[PDB]
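For reference, data-v7.pdb is printed below; it contains PDB, N, CA and C atoms.
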```pdb
ATOM      1  N   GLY T   1      -8.413 148.694-129.549
ATOM      2  CA  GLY T   1      -8.170 149.284-130.885
ATOM      3  C   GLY T   1      -7.772 150.751-130.837
ATOM      4  N   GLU T   2      -8.627 151.566-130.247
ATOM      5  CA  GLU T   2      -8.406 153.004-130.150
ATOM      6  C   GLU T   2      -8.288 153.460-128.712
ATOM      7  N   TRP T   3      -7.531 154.519-128.447
ATOM      8  CA  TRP T   3      -7.329 155.047-127.100
ATOM      9  C   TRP T   3      -7.412 156.571-127.133
ATOM     10  N   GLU T   4      -7.747 157.203-126.034
ATOM     11  CA  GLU T   4      -7.797 158.665-126.045
ATOM     12  C   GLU T   4      -7.622 159.197-124.628
ATOM     13  N   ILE T   5      -7.233 160.456-124.568
ATOM     14  CA  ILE T   5      -6.966 161.189-123.309
ATOM     15  C   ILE T   5      -8.187 162.092-123.230
ATOM     16  N   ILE T   6      -9.076 161.854-122.298
ATOM     17  CA  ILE T   6     -10.321 162.641-122.247
ATOM     18  C   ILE T   6     -10.205 163.676-121.164
ATOM     19  N   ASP T   7     -11.006 164.735-121.266
ATOM     20  CA  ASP T   7     -10.921 165.841-120.331
ATOM     21  C   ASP T   7     -11.202 165.401-118.894
ATOM     22  N   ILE T   8     -10.683 166.207-117.984
ATOM     23  CA  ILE T   8     -10.739 165.959-116.547
ATOM     24  C   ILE T   8     -11.863 166.662-115.859
ATOM     25  N   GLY T   9     -13.030 166.580-116.532
ATOM     26  CA  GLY T   9     -14.192 167.269-115.975
ATOM     27  C   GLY T   9     -15.163 166.368-115.265
ATOM     28  N   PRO T  10     -16.290 166.951-114.867
ATOM     29  CA  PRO T  10     -17.322 166.240-114.155
ATOM     30  C   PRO T  10     -17.558 164.812-114.585
ATOM     31  N   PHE T  11     -17.605 164.470-115.858
ATOM     32  CA  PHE T  11     -17.902 163.055-116.163
ATOM     33  C   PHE T  11     -16.724 162.170-115.787
ATOM     34  N   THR T  12     -15.576 162.812-115.624
ATOM     35  CA  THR T  12     -14.353 162.068-115.300
ATOM     36  C   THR T  12     -14.179 161.936-113.806
ATOM     37  N   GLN T  13     -14.768 162.833-113.017
ATOM     38  CA  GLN T  13     -14.647 162.760-111.561
ATOM     39  C   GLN T  13     -15.774 161.892-111.001
ATOM     40  N   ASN T  14     -16.709 161.483-111.835
ATOM     41  CA  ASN T  14     -17.808 160.615-111.426
ATOM     42  C   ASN T  14     -17.231 159.213-111.498
ATOM     43  N   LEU T  15     -16.402 159.107-112.550
ATOM     44  CA  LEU T  15     -15.706 157.843-112.753
ATOM     45  C   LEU T  15     -14.756 157.625-111.572
ATOM     46  N   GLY T  16     -14.258 158.698-110.979
ATOM     47  CA  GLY T  16     -13.339 158.597-109.841
ATOM     48  C   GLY T  16     -14.077 158.341-108.535
ATOM     49  N   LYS T  17     -15.181 159.061-108.311
ATOM     50  CA  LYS T  17     -15.938 158.859-107.069
ATOM     51  C   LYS T  17     -16.491 157.440-107.121
ATOM     52  N   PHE T  18     -16.933 156.989-108.281
ATOM     53  CA  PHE T  18     -17.471 155.625-108.372
ATOM     54  C   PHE T  18     -16.383 154.625-107.998
ATOM     55  N   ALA T  19     -15.222 154.738-108.624
ATOM     56  CA  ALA T  19     -14.108 153.835-108.329
ATOM     57  C   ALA T  19     -13.965 153.669-106.820
ATOM     58  N   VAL T  20     -13.548 154.734-106.146
ATOM     59  CA  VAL T  20     -13.368 154.739-104.716
ATOM     60  C   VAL T  20     -14.494 154.113-103.914
ATOM     61  N   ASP T  21     -15.737 154.399-104.238
ATOM     62  CA  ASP T  21     -16.919 153.893-103.561
ATOM     63  C   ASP T  21     -17.032 152.379-103.620
ATOM     64  N   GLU T  22     -16.746 151.857-104.806
ATOM     65  CA  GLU T  22     -16.769 150.402-104.995
ATOM     66  C   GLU T  22     -15.659 149.676-104.252
ATOM     67  N   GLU T  23     -14.563 150.364-103.999
ATOM     68  CA  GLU T  23     -13.389 149.897-103.312
ATOM     69  C   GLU T  23     -13.407 150.258-101.827
ATOM     70  N   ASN T  24     -14.448 150.916-101.354
ATOM     71  CA  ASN T  24     -14.622 151.277 -99.953
ATOM     72  C   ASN T  24     -15.262 150.055 -99.256
ATOM     73  N   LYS T  25     -15.833 149.296-100.147
ATOM     74  CA  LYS T  25     -16.547 148.060-100.107
ATOM     75  C   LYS T  25     -15.638 146.843-100.252
ATOM     76  N   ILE T  26     -14.396 147.032-100.667
ATOM     77  CA  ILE T  26     -13.418 145.951-100.824
ATOM     78  C   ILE T  26     -12.269 146.275 -99.856
ATOM     79  N   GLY T  27     -12.187 147.572 -99.581
ATOM     80  CA  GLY T  27     -11.256 148.214 -98.723
ATOM     81  C   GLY T  27      -9.882 147.627 -98.599
ATOM     82  N   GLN T  28      -9.241 147.217 -99.698
ATOM     83  CA  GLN T  28      -7.877 146.692 -99.536
ATOM     84  C   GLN T  28      -7.033 147.864 -99.001
ATOM     85  N   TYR T  29      -7.594 149.061 -99.154
ATOM     86  CA  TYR T  29      -6.962 150.303 -98.734
ATOM     87  C   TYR T  29      -7.760 151.042 -97.673
ATOM     88  N   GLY T  30      -8.774 150.365 -97.124
ATOM     89  CA  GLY T  30      -9.605 150.893 -96.084
ATOM     90  C   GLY T  30     -10.841 151.670 -96.484
ATOM     91  N   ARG T  31     -11.034 152.786 -95.774
ATOM     92  CA  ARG T  31     -12.163 153.672 -96.001
ATOM     93  C   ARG T  31     -11.578 155.036 -96.398
ATOM     94  N   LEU T  32     -11.329 155.083 -97.710
ATOM     95  CA  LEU T  32     -10.757 156.221 -98.378
ATOM     96  C   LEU T  32     -11.861 157.203 -98.762
ATOM     97  N   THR T  33     -11.403 158.443 -98.899
ATOM     98  CA  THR T  33     -12.382 159.450 -99.363
ATOM     99  C   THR T  33     -11.794 159.997-100.663
ATOM    100  N   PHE T  34     -12.710 160.205-101.610
ATOM    101  CA  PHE T  34     -12.332 160.692-102.931
ATOM    102  C   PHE T  34     -11.809 162.115-102.871
ATOM    103  N   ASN T  35     -10.661 162.340-103.521
ATOM    104  CA  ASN T  35     -10.128 163.698-103.538
ATOM    105  C   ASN T  35     -10.465 164.415-104.841
ATOM    106  N   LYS T  36      -9.882 163.914-105.916
ATOM    107  CA  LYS T  36     -10.096 164.470-107.232
ATOM    108  C   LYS T  36      -9.266 163.658-108.227
ATOM    109  N   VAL T  37      -9.405 164.028-109.485
ATOM    110  CA  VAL T  37      -8.591 163.358-110.485
ATOM    111  C   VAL T  37      -7.587 164.287-111.159
ATOM    112  N   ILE T  38      -6.413 163.747-111.435
ATOM    113  CA  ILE T  38      -5.327 164.443-112.104
ATOM    114  C   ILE T  38      -5.248 163.841-113.505
ATOM    115  N   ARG T  39      -4.312 164.248-114.346
ATOM    116  CA  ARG T  39      -4.263 163.680-115.702
ATOM    117  C   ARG T  39      -3.003 162.827-115.805
ATOM    118  N   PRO T  40      -2.874 162.121-116.909
ATOM    119  CA  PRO T  40      -3.882 162.160-117.952
ATOM    120  C   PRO T  40      -4.978 161.145-117.725
ATOM    121  N   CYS T  41      -6.215 161.388-118.149
ATOM    122  CA  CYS T  41      -7.219 160.307-117.962
ATOM    123  C   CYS T  41      -7.280 159.567-119.291
ATOM    124  N   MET T  42      -7.293 158.258-119.354
ATOM    125  CA  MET T  42      -7.311 157.633-120.686
ATOM    126  C   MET T  42      -8.565 156.800-120.895
ATOM    127  N   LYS T  43      -8.860 156.527-122.168
ATOM    128  CA  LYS T  43     -10.025 155.763-122.505
ATOM    129  C   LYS T  43      -9.812 154.824-123.678
ATOM    130  N   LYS T  44     -10.054 153.561-123.415
ATOM    131  CA  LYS T  44      -9.947 152.518-124.412
ATOM    132  C   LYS T  44     -11.305 152.200-125.018
ATOM    133  N   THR T  45     -11.323 151.998-126.331
ATOM    134  CA  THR T  45     -12.526 151.615-127.027
ATOM    135  C   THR T  45     -12.352 150.142-127.433
ATOM    136  N   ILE T  46     -13.220 149.275-126.961
ATOM    137  CA  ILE T  46     -13.192 147.843-127.235
ATOM    138  C   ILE T  46     -14.202 147.447-128.313
ATOM    139  N   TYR T  47     -13.851 146.434-129.094
ATOM    140  CA  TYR T  47     -14.654 145.925-130.184
ATOM    141  C   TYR T  47     -14.440 144.420-130.429
ATOM    142  N   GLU T  48     -15.428 143.658-130.912
ATOM    143  CA  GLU T  48     -15.177 142.255-131.217
ATOM    144  C   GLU T  48     -16.307 141.448-131.826
ATOM    145  N   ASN T  49     -16.226 140.987-133.087
ATOM    146  CA  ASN T  49     -17.355 140.157-133.582
ATOM    147  C   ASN T  49     -17.147 138.760-132.954
ATOM    148  N   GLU T  50     -16.145 138.049-133.467
ATOM    149  CA  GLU T  50     -15.838 136.712-132.996
ATOM    150  C   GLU T  50     -14.547 136.628-132.193
TER
ATOM    151  N   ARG M   2     -23.127 145.179-135.342
ATOM    152  CA  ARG M   2     -22.092 146.265-135.340
ATOM    153  C   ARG M   2     -20.796 145.755-134.722
ATOM    154  N   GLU M   3     -19.962 146.632-134.156
ATOM    155  CA  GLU M   3     -18.691 146.223-133.597
ATOM    156  C   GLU M   3     -18.295 146.691-132.214
ATOM    157  N   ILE M   4     -18.472 147.959-131.891
ATOM    158  CA  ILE M   4     -18.086 148.563-130.625
ATOM    159  C   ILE M   4     -18.717 147.936-129.394
ATOM    160  N   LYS M   5     -17.870 147.260-128.609
ATOM    161  CA  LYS M   5     -18.340 146.579-127.422
ATOM    162  C   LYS M   5     -18.556 147.486-126.232
ATOM    163  N   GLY M   6     -17.479 148.165-125.839
ATOM    164  CA  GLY M   6     -17.605 149.034-124.667
ATOM    165  C   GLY M   6     -16.361 149.898-124.513
ATOM    166  N   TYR M   7     -16.217 150.399-123.288
ATOM    167  CA  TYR M   7     -15.111 151.285-123.027
ATOM    168  C   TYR M   7     -14.350 150.850-121.805
ATOM    169  N   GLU M   8     -13.304 151.617-121.540
ATOM    170  CA  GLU M   8     -12.434 151.393-120.422
ATOM    171  C   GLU M   8     -11.664 152.678-120.096
ATOM    172  N   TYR M   9     -11.847 153.100-118.863
ATOM    173  CA  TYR M   9     -11.202 154.254-118.296
ATOM    174  C   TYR M   9     -10.147 153.759-117.277
ATOM    175  N   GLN M  10      -9.014 154.366-117.367
ATOM    176  CA  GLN M  10      -7.790 154.292-116.661
ATOM    177  C   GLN M  10      -7.437 155.647-116.072
ATOM    178  N   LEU M  11      -8.053 155.957-114.932
ATOM    179  CA  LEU M  11      -7.778 157.229-114.285
ATOM    180  C   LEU M  11      -6.563 157.080-113.358
ATOM    181  N   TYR M  12      -6.327 158.177-112.683
ATOM    182  CA  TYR M  12      -5.347 158.376-111.643
ATOM    183  C   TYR M  12      -6.198 159.138-110.595
ATOM    184  N   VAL M  13      -6.369 158.489-109.446
ATOM    185  CA  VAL M  13      -7.210 159.092-108.441
ATOM    186  C   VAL M  13      -6.501 159.412-107.135
ATOM    187  N   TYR M  14      -6.541 160.662-106.700
ATOM    188  CA  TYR M  14      -5.982 161.005-105.407
ATOM    189  C   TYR M  14      -7.157 160.806-104.408
ATOM    190  N   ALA M  15      -7.011 159.908-103.462
ATOM    191  CA  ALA M  15      -8.009 159.637-102.432
ATOM    192  C   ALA M  15      -7.293 159.475-101.086
ATOM    193  N   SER M  16      -7.779 160.126-100.032
ATOM    194  CA  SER M  16      -7.031 159.941 -98.771
ATOM    195  C   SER M  16      -5.571 160.322 -99.049
ATOM    196  N   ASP M  17      -5.428 161.406 -99.797
ATOM    197  CA  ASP M  17      -4.139 161.976-100.142
ATOM    198  C   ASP M  17      -3.087 161.045-100.671
ATOM    199  N   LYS M  18      -3.489 159.948-101.289
ATOM    200  CA  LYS M  18      -2.513 159.000-101.846
ATOM    201  C   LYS M  18      -2.963 158.765-103.285
ATOM    202  N   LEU M  19      -2.067 158.614-104.251
ATOM    203  CA  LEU M  19      -2.437 158.436-105.648
ATOM    204  C   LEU M  19      -2.637 156.957-105.982
ATOM    205  N   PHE M  20      -3.851 156.624-106.365
ATOM    206  CA  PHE M  20      -4.206 155.275-106.746
ATOM    207  C   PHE M  20      -4.565 155.285-108.228
ATOM    208  N   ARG M  21      -4.613 154.091-108.797
ATOM    209  CA  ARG M  21      -4.905 154.068-110.264
ATOM    210  C   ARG M  21      -5.886 152.955-110.505
ATOM    211  N   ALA M  22      -7.094 153.386-110.898
ATOM    212  CA  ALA M  22      -8.202 152.501-111.156
ATOM    213  C   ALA M  22      -8.551 152.353-112.630
ATOM    214  N   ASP M  23      -9.266 151.246-112.875
ATOM    215  CA  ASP M  23      -9.717 150.942-114.210
ATOM    216  C   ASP M  23     -11.187 150.470-114.115
ATOM    217  N   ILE M  24     -12.016 151.328-114.700
ATOM    218  CA  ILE M  24     -13.425 151.130-114.787
ATOM    219  C   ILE M  24     -13.802 150.620-116.186
ATOM    220  N   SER M  25     -14.528 149.522-116.224
ATOM    221  CA  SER M  25     -15.038 148.986-117.477
ATOM    222  C   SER M  25     -16.414 149.642-117.678
ATOM    223  N   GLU M  26     -16.883 149.817-118.895
ATOM    224  CA  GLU M  26     -18.184 150.400-119.167
ATOM    225  C   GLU M  26     -18.776 149.767-120.434
ATOM    226  N   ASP M  27     -19.911 149.138-120.285
ATOM    227  CA  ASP M  27     -20.629 148.473-121.353
ATOM    228  C   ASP M  27     -21.209 149.436-122.374
ATOM    229  N   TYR M  28     -20.883 149.252-123.653
ATOM    230  CA  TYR M  28     -21.394 150.168-124.665
ATOM    231  C   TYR M  28     -22.885 150.055-124.934
ATOM    232  N   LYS M  29     -23.607 149.299-124.114
ATOM    233  CA  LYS M  29     -25.045 149.154-124.359
ATOM    234  C   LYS M  29     -25.856 149.452-123.125
ATOM    235  N   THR M  30     -25.479 148.866-121.989
ATOM    236  CA  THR M  30     -26.241 149.139-120.769
ATOM    237  C   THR M  30     -25.633 150.345-120.053
ATOM    238  N   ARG M  31     -24.477 150.771-120.543
ATOM    239  CA  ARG M  31     -23.731 151.881-119.981
ATOM    240  C   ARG M  31     -23.469 151.618-118.490
ATOM    241  N   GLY M  32     -23.519 150.341-118.108
ATOM    242  CA  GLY M  32     -23.250 150.026-116.687
ATOM    243  C   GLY M  32     -21.728 149.839-116.566
ATOM    244  N   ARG M  33     -21.174 149.830-115.352
ATOM    245  CA  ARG M  33     -19.746 149.638-115.233
ATOM    246  C   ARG M  33     -19.260 148.980-113.953
ATOM    247  N   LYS M  34     -18.072 148.351-114.062
ATOM    248  CA  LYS M  34     -17.487 147.726-112.878
ATOM    249  C   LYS M  34     -16.298 148.538-112.396
ATOM    250  N   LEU M  35     -15.586 148.003-111.423
ATOM    251  CA  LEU M  35     -14.364 148.677-110.939
ATOM    252  C   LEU M  35     -13.323 147.538-111.101
ATOM    253  N   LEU M  36     -13.009 147.345-112.377
ATOM    254  CA  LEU M  36     -12.071 146.333-112.808
ATOM    255  C   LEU M  36     -10.855 146.250-111.912
ATOM    256  N   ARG M  37     -10.187 147.365-111.603
ATOM    257  CA  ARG M  37      -8.992 147.244-110.753
ATOM    258  C   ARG M  37      -8.717 148.539-110.006
ATOM    259  N   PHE M  38      -7.709 148.481-109.161
ATOM    260  CA  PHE M  38      -7.348 149.621-108.311
ATOM    261  C   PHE M  38      -6.019 149.322-107.649
ATOM    262  N   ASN M  39      -5.048 150.212-107.735
ATOM    263  CA  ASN M  39      -3.756 149.919-107.107
ATOM    264  C   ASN M  39      -3.183 151.162-106.443
ATOM    265  N   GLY M  40      -1.934 151.020-106.007
ATOM    266  CA  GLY M  40      -1.248 152.132-105.388
ATOM    267  C   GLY M  40      -0.933 151.933-103.918
ATOM    268  N   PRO M  41      -0.322 152.978-103.355
ATOM    269  CA  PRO M  41      -0.031 154.180-104.099
ATOM    270  C   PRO M  41       1.038 154.065-105.170
ATOM    271  N   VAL M  42       0.822 154.753-106.290
ATOM    272  CA  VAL M  42       1.807 154.836-107.383
ATOM    273  C   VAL M  42       2.264 156.297-107.323
ATOM    274  N   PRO M  43       3.220 156.719-108.102
ATOM    275  CA  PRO M  43       3.671 158.110-108.060
ATOM    276  C   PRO M  43       2.940 158.986-109.055
ATOM    277  N   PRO M  44       3.046 160.302-108.901
ATOM    278  CA  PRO M  44       2.420 161.210-109.873
ATOM    279  C   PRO M  44       2.948 160.777-111.240
ATOM    280  N   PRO M  45       2.111 160.872-112.268
ATOM    281  CA  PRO M  45       2.506 160.457-113.610
ATOM    282  C   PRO M  45       3.343 161.520-114.297
TER
END
```
Could I get this structure in the form of C-alpha cells?
Amino acid sequence: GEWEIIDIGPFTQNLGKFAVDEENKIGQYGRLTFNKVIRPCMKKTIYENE
Amino acid sequence: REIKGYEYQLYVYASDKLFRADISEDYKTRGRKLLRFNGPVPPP
C-alpha cells in the first residue's frame, strides 16, 4: 500500500549486517563481509484483513 | 486492525560488490527473514 525512503542510519545498517549474516549461511556468494549501505533504502508497509 | 508488517529493500555493498536484499519484518513480533538477495547489480 505505502512505500517510503528511510534514512541510512544505524537502524538501516543493522538491516544490512543482518542480511549479509543470514546469507553467509546460504553463501550463494560465499563468505562476504558487510561494508555499508548506500541509498536509496526503501520500505514497504503491508496490510490485509482477508 | 490492518497493518501486517514491513519490508526493506536495501542496497548493500559487501565484499566490495553491490548486492540487493529484501528483509521482511513482522509488525507484531518484530522478527524478520532475509527474503532475498541478489547481485552484483550496479549502483542505483
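Proximity to residue T:42 was assessed for M:4, M:11, M:22, M:36 counting only N, CA and C atoms; the smallest distance is recorded for M:11.
This file, queried with the PyMOL selection byres ((chain T and resi 6) around 6.5), gives the residues residues 4, 5, 7, 8, 9, 40, 41, 42 and 43 of chain T.
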With only C-alpha atoms counted and 8 Å as the cut-off, give the residues of chain T in contact with chain M, each with its shortest interatomic distance in Å and the pair that gives it, as JSON lines.
```
{"residue": "T:15", "atom": "CA", "partner": "M:24", "partner_atom": "CA", "distance": 7.4}
{"residue": "T:16", "atom": "CA", "partner": "M:13", "partner_atom": "CA", "distance": 6.3}
{"residue": "T:19", "atom": "CA", "partner": "M:35", "partner_atom": "CA", "distance": 5.8}
{"residue": "T:20", "atom": "CA", "partner": "M:15", "partner_atom": "CA", "distance": 7.6}
{"residue": "T:22", "atom": "CA", "partner": "M:35", "partner_atom": "CA", "distance": 6.6}
{"residue": "T:23", "atom": "CA", "partner": "M:35", "partner_atom": "CA", "distance": 7.8}
{"residue": "T:32", "atom": "CA", "partner": "M:16", "partner_atom": "CA", "distance": 5.3}
{"residue": "T:33", "atom": "CA", "partner": "M:15", "partner_atom": "CA", "distance": 5.3}
{"residue": "T:34", "atom": "CA", "partner": "M:15", "partner_atom": "CA", "distance": 4.5}
{"residue": "T:35", "atom": "CA", "partner": "M:15", "partner_atom": "CA", "distance": 4.7}
{"residue": "T:36", "atom": "CA", "partner": "M:14", "partner_atom": "CA", "distance": 5.7}
{"residue": "T:37", "atom": "CA", "partner": "M:13", "partner_atom": "CA", "distance": 4.9}
{"residue": "T:38", "atom": "CA", "partner": "M:12", "partner_atom": "CA", "distance": 6.1}
{"residue": "T:39", "atom": "CA", "partner": "M:12", "partner_atom": "CA", "distance": 6.8}
{"residue": "T:40", "atom": "CA", "partner": "M:11", "partner_atom": "CA", "distance": 7.3}
{"residue": "T:41", "atom": "CA", "partner": "M:11", "partner_atom": "CA", "distance": 4.8}
{"residue": "T:42", "atom": "CA", "partner": "M:10", "partner_atom": "CA", "distance": 5.3}
{"residue": "T:43", "atom": "CA", "partner": "M:9", "partner_atom": "CA", "distance": 4.6}
{"residue": "T:44", "atom": "CA", "partner": "M:8", "partner_atom": "CA", "distance": 4.8}
{"residue": "T:45", "atom": "CA", "partner": "M:7", "partner_atom": "CA", "distance": 4.8}
{"residue": "T:46", "atom": "CA", "partner": "M:6", "partner_atom": "CA", "distance": 5.2}
{"residue": "T:47", "atom": "CA", "partner": "M:4", "partner_atom": "CA", "distance": 4.4}
{"residue": "T:48", "atom": "CA", "partner": "M:3", "partner_atom": "CA", "distance": 5.8}
{"residue": "T:49", "atom": "CA", "partner": "M:3", "partner_atom": "CA", "distance": 6.2}
```
Residue subset to file, keeping N, CA and C atoms, as a short mmCIF file (atom, residue, chain, number, x, y, z; two decimals), keeping the file's coordinate frame:
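Output contents, as saved in part_1.cif:
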```cif
data_model
loop_
_atom_site.label_atom_id
_atom_site.label_comp_id
_atom_site.auth_asym_id
_atom_site.auth_seq_id
_atom_site.Cartn_x
_atom_site.Cartn_y
_atom_site.Cartn_z
N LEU T 15 -16.40 159.11 -112.55
CA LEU T 15 -15.71 157.84 -112.75
C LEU T 15 -14.76 157.62 -111.57
N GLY T 16 -14.26 158.70 -110.98
CA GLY T 16 -13.34 158.60 -109.84
C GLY T 16 -14.08 158.34 -108.54
N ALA T 19 -15.22 154.74 -108.62
CA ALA T 19 -14.11 153.84 -108.33
C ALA T 19 -13.96 153.67 -106.82
N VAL T 20 -13.55 154.73 -106.15
CA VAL T 20 -13.37 154.74 -104.72
C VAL T 20 -14.49 154.11 -103.91
N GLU T 22 -16.75 151.86 -104.81
CA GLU T 22 -16.77 150.40 -105.00
C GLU T 22 -15.66 149.68 -104.25
N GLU T 23 -14.56 150.36 -104.00
CA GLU T 23 -13.39 149.90 -103.31
C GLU T 23 -13.41 150.26 -101.83
N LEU T 32 -11.33 155.08 -97.71
CA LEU T 32 -10.76 156.22 -98.38
C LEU T 32 -11.86 157.20 -98.76
N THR T 33 -11.40 158.44 -98.90
CA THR T 33 -12.38 159.45 -99.36
C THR T 33 -11.79 160.00 -100.66
N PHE T 34 -12.71 160.21 -101.61
CA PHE T 34 -12.33 160.69 -102.93
C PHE T 34 -11.81 162.12 -102.87
N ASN T 35 -10.66 162.34 -103.52
CA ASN T 35 -10.13 163.70 -103.54
C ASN T 35 -10.46 164.42 -104.84
N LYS T 36 -9.88 163.91 -105.92
CA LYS T 36 -10.10 164.47 -107.23
C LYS T 36 -9.27 163.66 -108.23
N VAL T 37 -9.40 164.03 -109.48
CA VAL T 37 -8.59 163.36 -110.48
C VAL T 37 -7.59 164.29 -111.16
N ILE T 38 -6.41 163.75 -111.44
CA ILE T 38 -5.33 164.44 -112.10
C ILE T 38 -5.25 163.84 -113.50
N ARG T 39 -4.31 164.25 -114.35
CA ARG T 39 -4.26 163.68 -115.70
C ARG T 39 -3.00 162.83 -115.80
N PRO T 40 -2.87 162.12 -116.91
CA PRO T 40 -3.88 162.16 -117.95
C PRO T 40 -4.98 161.15 -117.72
N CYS T 41 -6.22 161.39 -118.15
CA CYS T 41 -7.22 160.31 -117.96
C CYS T 41 -7.28 159.57 -119.29
N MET T 42 -7.29 158.26 -119.35
CA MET T 42 -7.31 157.63 -120.69
C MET T 42 -8.56 156.80 -120.90
N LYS T 43 -8.86 156.53 -122.17
CA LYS T 43 -10.02 155.76 -122.50
C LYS T 43 -9.81 154.82 -123.68
N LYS T 44 -10.05 153.56 -123.42
CA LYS T 44 -9.95 152.52 -124.41
C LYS T 44 -11.30 152.20 -125.02
N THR T 45 -11.32 152.00 -126.33
CA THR T 45 -12.53 151.62 -127.03
C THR T 45 -12.35 150.14 -127.43
N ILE T 46 -13.22 149.28 -126.96
CA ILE T 46 -13.19 147.84 -127.24
C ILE T 46 -14.20 147.45 -128.31
N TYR T 47 -13.85 146.43 -129.09
CA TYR T 47 -14.65 145.93 -130.18
C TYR T 47 -14.44 144.42 -130.43
N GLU T 48 -15.43 143.66 -130.91
CA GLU T 48 -15.18 142.26 -131.22
C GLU T 48 -16.31 141.45 -131.83
N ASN T 49 -16.23 140.99 -133.09
CA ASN T 49 -17.36 140.16 -133.58
C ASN T 49 -17.15 138.76 -132.95
#
```
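Atom CA of residue T:10 is found 16.8 Å from atom CA of residue M:31.
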Could you go through chain T and tell me which residues DSSP, when run on the backbone, assigns to alpha helix (DSSP H), listing them as a list in words?
residues 10, 11, 12, 13, 14, 15, 16, 17, 18, 19, 20, 21 and 22 of chain T
Assign secondary structure with DSSP using the backbone only, and return the residues of chain T in strand (DSSP E or B) as an MDAnalysis selection string.
chainID T and resid 2:6 34:37 41:47
Dump as a tab-separated table (two decimals), in the coordinates of the input, selection limited to N, CA and C atoms:
```tsv
chain	number	residue	atom	x	y	z
T	2	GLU	N	-8.63	151.57	-130.25
T	2	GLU	CA	-8.41	153.00	-130.15
T	2	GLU	C	-8.29	153.46	-128.71
T	3	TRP	N	-7.53	154.52	-128.45
T	3	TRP	CA	-7.33	155.05	-127.10
T	3	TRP	C	-7.41	156.57	-127.13
T	4	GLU	N	-7.75	157.20	-126.03
T	4	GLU	CA	-7.80	158.66	-126.04
T	4	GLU	C	-7.62	159.20	-124.63
T	5	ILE	N	-7.23	160.46	-124.57
T	5	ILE	CA	-6.97	161.19	-123.31
T	5	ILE	C	-8.19	162.09	-123.23
T	6	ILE	N	-9.08	161.85	-122.30
T	6	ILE	CA	-10.32	162.64	-122.25
T	6	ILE	C	-10.20	163.68	-121.16
T	34	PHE	N	-12.71	160.21	-101.61
T	34	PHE	CA	-12.33	160.69	-102.93
T	34	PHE	C	-11.81	162.12	-102.87
T	35	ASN	N	-10.66	162.34	-103.52
T	35	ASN	CA	-10.13	163.70	-103.54
T	35	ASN	C	-10.46	164.42	-104.84
T	36	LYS	N	-9.88	163.91	-105.92
T	36	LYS	CA	-10.10	164.47	-107.23
T	36	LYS	C	-9.27	163.66	-108.23
T	37	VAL	N	-9.40	164.03	-109.48
T	37	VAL	CA	-8.59	163.36	-110.48
T	37	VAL	C	-7.59	164.29	-111.16
T	41	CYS	N	-6.22	161.39	-118.15
T	41	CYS	CA	-7.22	160.31	-117.96
T	41	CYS	C	-7.28	159.57	-119.29
T	42	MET	N	-7.29	158.26	-119.35
T	42	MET	CA	-7.31	157.63	-120.69
T	42	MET	C	-8.56	156.80	-120.90
T	43	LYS	N	-8.86	156.53	-122.17
T	43	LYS	CA	-10.02	155.76	-122.50
T	43	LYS	C	-9.81	154.82	-123.68
T	44	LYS	N	-10.05	153.56	-123.42
T	44	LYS	CA	-9.95	152.52	-124.41
T	44	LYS	C	-11.30	152.20	-125.02
T	45	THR	N	-11.32	152.00	-126.33
T	45	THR	CA	-12.53	151.62	-127.03
T	45	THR	C	-12.35	150.14	-127.43
T	46	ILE	N	-13.22	149.28	-126.96
T	46	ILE	CA	-13.19	147.84	-127.24
T	46	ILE	C	-14.20	147.45	-128.31
T	47	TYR	N	-13.85	146.43	-129.09
T	47	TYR	CA	-14.65	145.93	-130.18
T	47	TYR	C	-14.44	144.42	-130.43
```
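Separating atom N of residue M:29 from atom CA of residue T:28 is a distance of 29.3 Å.
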State, in Å with one decimal place, the distance from atom CA of residue T:31 to atom C of residue M:30.
27.8 Å
Could you write stretch 23-30 of chain T as a short mmCIF file (atom, residue, chain, number, x, y, z; two decimals), in the coordinates of the input, with N, CA, C and O atoms rebuilt where they are missing?
```
data_model
loop_
_atom_site.label_atom_id
_atom_site.label_comp_id
_atom_site.auth_asym_id
_atom_site.auth_seq_id
_atom_site.Cartn_x
_atom_site.Cartn_y
_atom_site.Cartn_z
N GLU T 23 -14.56 150.36 -104.00
CA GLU T 23 -13.39 149.90 -103.31
C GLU T 23 -13.41 150.26 -101.83
O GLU T 23 -12.46 149.94 -101.09
N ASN T 24 -14.45 150.92 -101.35
CA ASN T 24 -14.62 151.28 -99.95
C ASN T 24 -15.26 150.06 -99.26
O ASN T 24 -15.24 149.80 -98.08
N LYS T 25 -15.83 149.30 -100.15
CA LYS T 25 -16.55 148.06 -100.11
C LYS T 25 -15.64 146.84 -100.25
O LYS T 25 -16.00 145.69 -100.00
N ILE T 26 -14.40 147.03 -100.67
CA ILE T 26 -13.42 145.95 -100.82
C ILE T 26 -12.27 146.28 -99.86
O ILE T 26 -11.50 145.48 -99.35
N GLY T 27 -12.19 147.57 -99.58
CA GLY T 27 -11.26 148.21 -98.72
C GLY T 27 -9.88 147.63 -98.60
O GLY T 27 -9.35 147.54 -97.48
N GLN T 28 -9.24 147.22 -99.70
CA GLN T 28 -7.88 146.69 -99.54
C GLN T 28 -7.03 147.86 -99.00
O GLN T 28 -5.95 147.66 -98.48
N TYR T 29 -7.59 149.06 -99.15
CA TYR T 29 -6.96 150.30 -98.73
C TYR T 29 -7.76 151.04 -97.67
O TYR T 29 -7.49 152.19 -97.33
N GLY T 30 -8.77 150.36 -97.12
CA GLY T 30 -9.60 150.89 -96.08
C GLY T 30 -10.84 151.67 -96.48
O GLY T 30 -11.63 151.28 -97.35
#
```
